[PDB]
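Chains as they are written, first to last, in this note's numbering: chain A, 1 to 160; chain B, 161 to 211; chain C, 212 to 327; chain D, 328 to 1165; chain E, 1166 to 1232. A virtual CB, placed ideally from N, CA and C, is assigned to each residue, including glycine.
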Amino acid sequence: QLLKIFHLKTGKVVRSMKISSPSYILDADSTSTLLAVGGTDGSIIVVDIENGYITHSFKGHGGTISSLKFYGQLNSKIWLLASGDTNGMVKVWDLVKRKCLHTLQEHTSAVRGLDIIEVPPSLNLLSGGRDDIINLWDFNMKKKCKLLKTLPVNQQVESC
Amino acid sequence: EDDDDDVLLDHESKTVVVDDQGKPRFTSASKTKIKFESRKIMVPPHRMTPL
Amino acid sequence: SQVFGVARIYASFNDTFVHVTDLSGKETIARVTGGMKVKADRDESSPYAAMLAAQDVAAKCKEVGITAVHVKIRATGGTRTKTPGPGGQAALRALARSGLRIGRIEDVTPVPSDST
Amino acid sequence: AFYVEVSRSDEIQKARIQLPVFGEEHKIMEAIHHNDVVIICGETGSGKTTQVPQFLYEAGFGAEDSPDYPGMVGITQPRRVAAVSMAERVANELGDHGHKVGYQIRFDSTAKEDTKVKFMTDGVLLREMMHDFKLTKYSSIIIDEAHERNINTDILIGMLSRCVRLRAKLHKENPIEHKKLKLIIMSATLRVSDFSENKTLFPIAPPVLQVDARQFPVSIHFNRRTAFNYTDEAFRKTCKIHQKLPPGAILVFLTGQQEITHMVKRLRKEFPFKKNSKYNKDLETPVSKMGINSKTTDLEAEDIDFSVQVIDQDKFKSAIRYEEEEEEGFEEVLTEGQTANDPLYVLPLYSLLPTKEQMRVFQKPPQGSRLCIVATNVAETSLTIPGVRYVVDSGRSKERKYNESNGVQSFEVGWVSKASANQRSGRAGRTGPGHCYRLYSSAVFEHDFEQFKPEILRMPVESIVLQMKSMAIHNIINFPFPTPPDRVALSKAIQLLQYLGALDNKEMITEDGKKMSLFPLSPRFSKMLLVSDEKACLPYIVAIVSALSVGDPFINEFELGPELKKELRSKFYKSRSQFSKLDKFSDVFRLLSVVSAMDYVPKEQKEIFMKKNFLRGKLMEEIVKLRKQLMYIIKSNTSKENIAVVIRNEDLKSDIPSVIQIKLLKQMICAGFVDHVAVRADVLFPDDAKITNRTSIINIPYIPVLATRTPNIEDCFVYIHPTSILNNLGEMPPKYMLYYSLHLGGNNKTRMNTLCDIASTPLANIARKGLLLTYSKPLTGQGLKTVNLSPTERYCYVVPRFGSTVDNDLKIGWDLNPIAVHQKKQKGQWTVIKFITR
Amino acid sequence: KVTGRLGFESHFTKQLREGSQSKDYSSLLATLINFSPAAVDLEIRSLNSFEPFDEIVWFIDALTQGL
Ligand SMILES: Nc1ncnc2c1ncn2[C@@H]1O[C@H](COP(=O)(O)OP(=O)(O)O)[C@@H](O)[C@H]1O
């Protein structure tokens, strides 16, 4: 049972949806009006929060779904989604074409803590895990590659 | 003088248009069953003919 | 793709246990009883007590990630009732309702070969 | 108390000294000190849009220390792009004070804290004034470029006159409990007597002032011909300009976002950069393209389609047939250092741009690259480009055009006036002796360009008064407009909105009325497209309203109608009785099915259907152009996602309705035209009707609602048009018919524009929302009883009366069949909730 | 079920409106005395009592001119 409270003087339940699986990870955008939530099966719904209902489904995946992240700069045309996992993988979706950009099966435990930025579309991302590997990627828009691994000795949760 | 009878009551896209203040906005989502379970229960062969 | 736990539902006298384990048997997940939900000490073997106990176990096990449960009902065994009471069916109905796929219902109650 | 010390930078300071708006600042501020309503009659290129609010902050508006003027300052640009550009402009100008400048372009944006001299938008402060009828906050209000005569400017000053009257009345006795209100209006032309010296707008005569500037010689050049594709004409001309002419930037007055983006990418293709920075800058300008801001913002003239226009080359030349190598503007020499293939710093400027493209106009180009703007009316009076010398003008600006009682209603790009055209041309000789190229002939400029009109004249008064009701002003009959319209017509507009359901019997707008007022279209069609989101009838209804808005498609009697004429009329009637006709014989299902037939045809099979079944090519193409856009508009406003909707192909195209959907669309068009109903005269005057089968079908008399019934015979007795399916078959006309409009023929017979036929009950169900029908008492003489549930409920059985025959002052009206209602007893009278099905 | 020829209003309220425009109510009272008490209650319970009060002050002035 997903709900949203508008934080302003109207503190009423604005929208309420019936999501499929009991979920345990949410992220809103760096901007407003995008809320992504993925259940404990493979389903990552994303919701425009103003007129609150489902704007993307994203069946897509496998296993219960770990942490995820947006890519948001105000007034852009890119709008990616990060989509970690429990069985170690990162499957990046966009939101402007509803397509799996790149499938990446490389990890060994739950992919907690991944982050996306661009440095001059370059768009380097970085995905930690309950395994000790942070494993940043170059992540071009068409076809992507890998760079260094640089291995912290932790159990990294939310590697910002 | 012949009166009628009428009630008279009450896919996805691949593009964006954002806003005047940033704030992107995507088109609608497609629509979204319980299980396939089974239970086998044995019958002792003295309540067979009643079954 | 589903993964499987094992229920080990204990339909004891004056109490009811439900704790799903991964199907080896070592790593138990969310031991609850009938006592730690109700507050009366008279019906800690209540069917309602076992019902919300199995509901909380179903929530915690869906939080961990197991989706199906091979279910194994055990009565108190020994030289005693040898047969499940009402709490076993109560917990069985509860976690069969609560969104969890069920597999291979059995009976693992011990049989004595005429002990004392 | 007197003033707070201000400060500016040196170069903007001397720029303000050099521009002539610094000369009249003391006389303007003394006219403000001596009178509230001050008129300024400046112009573009002067500097009065920018520096006069800085003069007001100098004068003490925004100073808390002054007990006279401790309030806000609101600068009201009618365009939100003008609001943000002048906001960042005066934020640069006040400098160290520059953090006191703010903008508010939509309603969801509230006041930012750091400003006291804030810019905003016309509709923004009208909703602000609506929920604050007192207007405590703002000590002053600045109405700039009010010369445009917008509907927003008209409603704006019509509220503001009474607003400043009541505020000054409450202030002049006590400054403590009531502060002043300084109204400062500007304009571009000097015809401000309709703002100042109108006794209905102002019984108290307000002072008028001027403070204009200087201009370098503009050389205007009219071409020997006038081209059809004005985009290719302007593009060929501007490549020859940037190839051959001496340096000085270009402003291209063109029409819309699509054409402007096409010209900007073509200009960047023709004069490209090798440098990655400028190439990526042009890439960002081409990437960031659109925005709408449908409901939660003010609106402008970029609805981009409500236009049934059409065109050709013989049509254009027959419009300009009074006009009966070496070309003007091709005189001066190319200068050294200026290559013919120089890079061009190309910039689009339409109103639907983002802010990070609206700021990029005021950046200097790379060296060796010349600056260029391709734009529309934002840079006419509000904005001005610092550096242009060549302006080139297509002479066509998108506004509202609507002519009456014939189904022509288009938001099309007409032909701009002589005064506004010369105001566009006067941006050529602006930085130096400049060159304007008007993309037509001077004979065209003479003939079809009028000299000096308001949007309140160009738009229907029903949508005008609905706009006023959504802005929540109720004393509309005596409201001070510069052009107050016909009081008969606006009372008919209030009556029409009460008939459609926008206005109740106490004249406050309903929610359906506000959802009508959101539309940039007629109230009738807005009602249609609001109601028809029920039981899958929206493609049918959008086809019908697109057909009525585009005009008559049928080639019927603009031609024949001895040896081939008989066979051609016979095959024409066969084409009528073919796939144009399969469903009923009401009237309008043919007008649905000919457009449903445009799906049953491949694209290379285009001309055969028009050339066989007698349809007009450009109108039949612009209806299937208009259908996509109108479905986009109404899906955008009524569906749960505002902006992001798209229109696929088959759902605009077609499907086939059987029985429930044709009767449902019949009650939809009844909801469209509920006051254009008609009755066969047997049910009012069976003696005068002479109801016989041998009376001709265009002679069985029909009677409309609300029309006077004097003892003359043919007062209400208006007849059927020959161009329907009656007058072609005519067996027995059903009793209640619909029409769109009325046209009087030469035999003094007012013929119709008939649409459909209802028996009793969908007519009653439609009228229930309206304020046409007045109910009777519960009638249980021989029938079955009224069942109550409560002293405020009722399940009674009543006959309805349509045309308000209680106290019959000759407004003719008829009863209906008895129907079972479900009442609720509001405040002494029994309103109706719903009906009861059998 | 429906029943035709029940056109707008019953004779009590019709005669009341005609009597109010004709400044006397004598025929209205002659009807009102005459017809049955069950019907009298059935019409007098629904006298259209709302904000201009035309029907109810016409009835009070009718009983004034009656007695
Ligand atoms: N946002 C802006 N940034 C820089 N300069 C501007 C801006 N807006 C207008 N200007 C310049 O300021 C000058 C004064 O024009 P403006 O005050 O805007 O209109 P008006 O002449 O109608 O008062 C113009 O020459 C124009 O080029």
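Extent of the continuous alpha helix (DSSP H) to which residue i belongs
| i | result |
| --- | --- |
| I868/D | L865 to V877 |
| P850/D | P850 to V858 |
| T448/D | Unbroken run through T448/D is the beta strand (DSSP E), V444 to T448; no alpha helix (DSSP H). |
| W1223/E | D1219 to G1231 |
| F549/D | Premise fails: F549/D lies in the beta strand (DSSP E), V545 to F549, not in any alpha helix (DSSP H). |
| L1181/E | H1176 to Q1186 |
Pair within 8 Å by beta-carbon distance, residue i and residue j
| i | j | result |
| --- | --- | --- |
| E777/D | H801/D | no |
| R98/A | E172/B | yes |
| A260/C | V249/C | yes |
| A264/C | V217/C | no |
| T682/D | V411/D | yes |
| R687/D | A576/D | no |
| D94/A | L104/A | no |
| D170/B | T1088/D | no |
| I1085/D | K993/D | yes |
| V519/D | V348/D | no |
| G72/A | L34/A | yes |
| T582/D | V719/D | no |
| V1010/D | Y1029/D | no |
| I647/D | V771/D | yes |
Contact with chain D by residue i, beta-carbon distance below 8 Å
| i | result |
| --- | --- |
| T1229/E | no |
| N51/A | yes |
| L211/B | no |
is_contact[residue i, chain A] using C-beta, thresh 8 Å
| i | result |
| --- | --- |
| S309/C | no |
| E172/B | yes |
| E654/D | no |
| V177/B | no |
| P681/D | yes |
| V614/D | yes |
| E968/D | yes |
| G276/C | yes |
N-terminal and C-terminal residue of the beta strand (DSSP E) that residue i is part of
| i | result |
| --- | --- |
| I511/D | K509 to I512 |
| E317/C | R312 to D318 |
| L676/D | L671 to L676 |
Minimum Cβ-Cβ distance from residue i to chain E less than 8 Å
| i | result |
| --- | --- |
| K893/D | no |
| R1021/D | no |
Residue-level contact to chain C via CB, residue i, 8 Å cutoff
| i | result |
| --- | --- |
| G62/A | yes |
| residue 146/B | For chain B, the structure presents residues 161 to 211; residue 146/B sits outside this window and is missing. |
Chain B within 8 Å of residue i, Cβ atoms only
| i | result |
| --- | --- |
| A342/D | no |
| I220/C | no |
| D27/A | no |
Supposed contact pair residue j and residue i - C-beta distance, whole angstroms, cut 8 Å
| i | j | result |
| --- | --- | --- |
| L536/D | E838/D | Their Cβ separation, rounded to whole angstroms, is 45 Å, which puts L536/D and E838/D out of contact at 8 Å. |
| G722/D | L766/D | 7 Å |
| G88/A | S67/A | No, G88/A and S67/A are not in contact; Cβ-Cβ is about 13 Å, not under 8 Å. |
| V973/D | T175/B | 7 Å |
With a threshold of 8 Å, are at least 3 pairs of Cβ atoms found where one atom belongs to the region 845-861 of chain D and the other to the region 700-716 of chain D? no
(Q) For the structure I just gave you, are there three or more beta carbon pairs, one from the region 432-445 of chain D and one from the region 469-476 of chain D, closer than 8 Å? (A) no
Taking 8 Å as the cut-off, does the region 252-272 of chain C touch the region 190-201 of chain B (at least 3 CB pairs, one atom from each stretch)? no
Point to revise | Meets three-Cβ-pair contact criterion under 8 Å: the region 1151-1161 of chain D and the region 1189-1202 of chain E | key: no
Checklist entry - Does the count of Cβ pairs from the region 449-458 of chain D and the region 474-485 of chain D closer than 8 Å reach three? => result yes
Q.
Three or more C-beta pairs under 8 Å: does that hold for the region 331-350 of chain D against the region 723-741 of chain D?
A. no
Is it a yes or a no for the region 126-141 of chain A touching the region 177-188 of chain B, going by three-plus beta-carbon pairs under 8 Å? Judged by pairs of C-beta atoms under 8 Å, the region 126-141 of chain A does not touch the region 177-188 of chain B, as fewer than three such pairs exist.
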